[PDB]
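The structure appears below as structure tokens.
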Amino acid sequence: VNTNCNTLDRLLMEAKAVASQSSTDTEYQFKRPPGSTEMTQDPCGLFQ
Amino acid sequence: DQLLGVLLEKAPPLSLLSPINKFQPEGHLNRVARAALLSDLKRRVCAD
Amino acid sequence: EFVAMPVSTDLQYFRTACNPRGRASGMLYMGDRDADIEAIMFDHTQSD
Amino acid sequence: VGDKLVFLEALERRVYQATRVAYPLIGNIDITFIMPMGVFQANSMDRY
Amino acid sequence: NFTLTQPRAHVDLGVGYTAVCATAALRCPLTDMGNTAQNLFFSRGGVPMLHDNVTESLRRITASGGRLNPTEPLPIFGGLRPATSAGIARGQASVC
Amino acid sequence: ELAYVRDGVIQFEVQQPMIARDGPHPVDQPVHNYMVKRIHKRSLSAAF
Amino acid sequence: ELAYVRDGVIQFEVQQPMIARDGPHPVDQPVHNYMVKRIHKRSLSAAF
């Protein structure tokens, strides 16, 4: 990460429903298909 | 008697018609969404 | 009707809505091929 | 609500009806879980 | 096949924030909270053992007692995908 | 004249709407539907 | 004429009031701000 604004602004800007990291068709939770455009909200990922 | 007796074959069970109608994003669903909806249907029909 | 079964059987299986045959089956698990109701009815090379 | 005159809209019948477009506002949420497996508390004061 | 195209543009005149979203309710879960282990034999590049029978028996034993496993012929220069089973019961399985 | 209809049928016309989007997805085309609903026949008898 | 815009912009400025306080704190001076935003382009497509 780079420092451009303060930590509060960076944190408020991170949570913006990033793209998914799985598949919604297979039954084994494979890797994300390249090109699949679906946005899922990812809490507790920016907090580690 | 012909009426009110013909409609029983057209009427499906409410316990199944309700969640099916509720989950109408695009009509056809993938295997994952279909399985989730099936678990919902079982839970519902066992109870109501 | 009575069905035979081993003596040391998981009792937790009978605590919910179960299937008497011992393995789940049916046509409700499909999505690509019609020759799968015969696949998941006796094939013991894959898990339940 | 509070002290404002807000609109209250539930667009599901005027739009996204009899169409193949998926209705938005049904986004997903990714949650993770962690559990210990073989921990043994090596303490006589704790094994009670 | 005629095609009809119309360009448009937008902008937010926000000195601060103007819209808020919140997850109100929860619908049915999608993934399954099952017990599916992760098979590390899906990758290549590590330093292998000096005896091929060792690693072959190792992979065989690891495939025994699991659900997802690499296909037996082991196609060189491939993706090493597991064999597609039949229909799913209650949702997509999640690895551990 | 209903004892001589000899497998008649009735039909009408309704079409489904659609929307317009752009991006990494194919263009959308209007679709019209044509359906017919057959006629079932039953009789009524009362003795004397 | 939306086909030819080539990065349209918009601009607005803001001022900030100050309060007269004295003591150990150093003196203040009125401050002004200047911000400029760009436009975002997106097409829409349909078939026939």
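Nothing in this text is a laboratory measurement; each read-out follows from the coordinates by a stated rule. Cβ atoms come from the backbone with ideal geometry, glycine included; neighbour counts cover every protein chain shown.
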>> Among (1) within 14 Å of chain E (Cβ to nearest Cβ); (2) farther than 17 Å from E:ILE88 by Cβ, there is one condition C:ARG33 misses while meeting the rest; what is its number?
In response: (2)
>> Tell me whether the range B:1-21 contains one or more residues that are part of a loop (DSSP other than H, G, I, E, B) and within 21 Å of D:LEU25 (Cα to Cα).
In response: no
> Which fully enclosed strands (runs of 3 or more DSSP E) of the range E:1-95 have 1 or more residues being farther than 30 Å from G:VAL14 by Cβ, under 23 Å from the mean Cα position of the chain (by Cα) and not charged (D, E, K, R)?
Replying inline: E:31-36, E:92-95
> Looking at the range E:37-45, is at least one residue touching a residue at least 40 places away in the same chain (Cβ under 8 Å) and among the hydroxyl-bearing types (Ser, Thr, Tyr)?
Replying inline: no
> Would you say B:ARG43 is within 15 Å of C:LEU28 (Cα to Cα) and basic (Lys, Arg)?
Replying inline: no
> Is it the case that the range E:20-36 has a residue that's farther than 28 Å from B:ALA33 by Cβ and basic (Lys, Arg)?
Replying inline: no
>> Can you report the number of residues in chain C which are acidic (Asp, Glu) and in contact (Cβ under 8 Å) with a residue 24 or more places away in the chain?
In response: 1
